[PDB]
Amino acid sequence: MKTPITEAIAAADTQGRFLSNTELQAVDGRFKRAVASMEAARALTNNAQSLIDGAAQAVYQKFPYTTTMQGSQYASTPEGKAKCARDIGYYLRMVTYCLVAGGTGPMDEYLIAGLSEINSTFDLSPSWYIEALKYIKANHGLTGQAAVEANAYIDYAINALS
């Protein structure tokens, strides 16, 4: 899984090297940034439910047809709405995993790999999840470098969907 530390190791191992000061500096950057990262991850975790519920409505307001149009891909039945909130929670949970791990590793492995084929096969529009992510980004209530950390991983998600 890609983190600053595994990237430092991978860099040294690829060339049969012992770690050097070149890589230790990189890890120190991870340790220093962890203070803001943890703060962001804790806050999103503590407020996850309201963010999930708020983001789901943001989608339904942007795309009203998702709650009326008939089909298993839509949130027009109680099951569909449960699938949708579930998915939103997955995205948000992955963001907190990236913050804690210090890198995109968690999202890369669990969510981004295969995303396009899942959205094509199941008739899911990337535009729905971008709206949800845009909502979380605007209403998580973080400031300073905690917001910079959160938004960096949220914008990473939006890019994978674009």
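From 1 onward, residues are counted along the sequence shown.
Novice: Averaging the C-alpha B factors as listed in the entry, name the stretch that ends up higher: 10 to 18 or 149 to 157.
Specialist: Higher mean C-alpha B-factor: 10 to 18.
Novice: Once you work out the mean C-alpha B-factor for both 93 to 101 and 116 to 124 from the entry, which is higher?
Specialist: The recorded data point to 116 to 124.
Novice: Per the coordinate record, which of the options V59, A43, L51, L133 holds the highest CA temperature factor?
Specialist: Checking the PDB record, the top C-alpha B-factor among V59, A43, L51, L133 is at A43.
Novice: Can you tell me which third, lowest, middle or highest, the CA B-factor of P64 falls into for its chain?
Specialist: Ranked within chain, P64 CA B lands in the highest tercile.
Novice: Sort the modelled residues of this chain by their C-alpha B factor and say whether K83 lands in the lowest, middle or highest third.
Specialist: Middle third by C-alpha B-factor.
Novice: Once the chain's modelled residues are ordered by C-alpha B factor and cut into thirds, is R30 in the lowest, middle or highest one?
Specialist: Top third by C-alpha B-factor.
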